[PDB]
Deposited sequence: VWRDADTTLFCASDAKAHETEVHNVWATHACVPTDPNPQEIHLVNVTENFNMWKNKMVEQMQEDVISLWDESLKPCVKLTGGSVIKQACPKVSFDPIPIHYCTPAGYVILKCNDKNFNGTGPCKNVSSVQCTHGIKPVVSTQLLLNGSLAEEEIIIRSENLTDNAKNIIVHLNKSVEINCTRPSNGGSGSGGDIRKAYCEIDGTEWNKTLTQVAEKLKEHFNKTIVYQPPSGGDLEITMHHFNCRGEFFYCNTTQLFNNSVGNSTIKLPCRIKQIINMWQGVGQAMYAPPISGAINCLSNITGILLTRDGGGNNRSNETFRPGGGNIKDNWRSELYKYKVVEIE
């Protein structure tokens, strides 16, 4: 007999104590080594419910990643409209590492192993687990990078589908590699390469998975104009902040060719951690490169009294908690009394 619970969880990672990289430095003074033998108990004849959208584990990771960037990627100037804090700006070795989340004494984690678990609802396959899988705190918009993959079909995640402005998390079952690079002109000029045939295939597969829910024609369109972090593919690569134009990825005219998305490394950004803006030093020297798995897509549907046949979807993230949701969705905490 056990019901729900909410507790201050602890973290675990294979973080090296000698590494200069800040994800290791943070997990060295905040986490412990991973558990060698992860005992998992496939408790069958069990049926309990989960909710990724009301999961406090997502709130805890949001804190830990914010505090990580706070002591690591220290912005030179920070704005909240009022507070104008001005700090030193040294460069940093940056590369996310897996982060396991586990429970204290008395509490424990339940994992829903139904391979089509859509985020909310009951599961039969539920096992008694001890820690979560190694999640890399990759912060990004539009495209989920370097995460886990849906084992069977594409999982369309949301809180209320048939309600309009609620962010969608498309969980792909096959990765599509994206290869972003700043060469060695302009130091801020950069670009990502991505195979068009494979991106067309998966976006076609996502369009079919969207037709199973809504009996209409699915169309992709670039966002009409929010902030730059929402309209473009915004991600952090080795400290430097990339803004990559994805018009060529979400215009329904994705072609055969290897697509080169124009990118830029901007110094003044809007902060994902909270309200306000930050400023960082100009980018480092040499060649800056990040090769990433695209494991998920963040979408927002075009609403309105859609007696129209076409249903338009546009890329947009914004809420970084949803990034930790697409990895922590299969984890609910309980308490044995």
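Numbered from the first deposited residue, the sole unresolved range runs 185-191.
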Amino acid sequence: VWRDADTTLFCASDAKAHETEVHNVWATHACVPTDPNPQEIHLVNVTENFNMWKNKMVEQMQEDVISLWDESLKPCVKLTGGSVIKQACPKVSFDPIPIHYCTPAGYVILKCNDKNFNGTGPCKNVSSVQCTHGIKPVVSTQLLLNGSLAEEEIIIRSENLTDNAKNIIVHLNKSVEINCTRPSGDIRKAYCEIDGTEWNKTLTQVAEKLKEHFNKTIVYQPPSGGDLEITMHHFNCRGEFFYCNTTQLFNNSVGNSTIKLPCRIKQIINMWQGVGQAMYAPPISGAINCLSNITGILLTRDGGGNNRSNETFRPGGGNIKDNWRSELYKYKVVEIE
From here on, numbers count along this sequence of modelled residues.
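When 245-253 is weighed against 103-111, 103-111 comes out higher, by mean CA B-factor as recorded in the entry. When the two stretches 202-210 and 120-128 are set side by side, the higher mean Cα temperature factor goes to 120-128. Highest C-alpha temperature factor among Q277, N293, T300, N307, as the PDB entry reports it: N307. You'll see in the entry that, of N289, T312, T34, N270, the Cα B factor peaks at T34. Sort the chain's modelled residues by C-alpha temperature factor and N173 lands in the middle third, per the entry. The deposited CA B-factor of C180 belongs to the lowest third of values across its chain. In the deposited entry, the Cα temperature factor of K91 sits in the middle third of values across the chain's modelled residues. Placement of the Cα temperature factor of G82 within the chain: highest third of the modelled residues, per the deposited record. Among the modelled residues of its chain, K136 has a C-alpha B-factor that falls in the lowest third according to the deposited record.
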